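Peer 1:
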Amino acid sequence: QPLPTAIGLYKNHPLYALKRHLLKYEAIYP
Numbered sequence: 632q633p634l635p636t637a638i639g640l641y642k643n644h645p646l647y648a649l650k651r652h653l654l655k656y657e658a659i660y661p
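Note that the sequence shown covers residues 632 to 661 in the deposited numbering.
(1) From the DSSP output, in three-state form, read off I659 for me.
(2) Look up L640 in the DSSP assignment and say whether it is helix, strand or coil.
(3) Tell me which residues share the same chain as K642 and place their Cβ nearer than 7 Å to its Cβ, disregarding the 5 neighbours each side in the sequence.
(4) How big is the Cα-Cα spacing for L634 and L654?
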């Protein structure tokens with residue numbers, strides 16, 4: 632499973648995340 636083929640699958644994904652899918656209190660660190 633290299634990557635899901637759909638962007639919408641990354642929303643609330645247990646293992647993957649996207650910058651556009653970050654919530655108000657969520658951010659990528661580091």
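Beta carbons are placed, not taken as given, at the ideal position from N, Cα and C, and that holds for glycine.
Peer 2: So, from the listed chains and residues:
(1) Looking at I659 - three-state DSSP - the assignment turns out to be coil, as it is neither helix nor strand.
(2) Assignment of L640 by DSSP, reduced to helix, strand and coil, places it in the helix class.
(3) Only residues of its own chain outside the window of five on either side were considered, and among them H652 have a CB closer than 7 Å to the CB of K642, listed in chain order.
(4) Taking the straight line from one Cα to the other gives about 21 Å.
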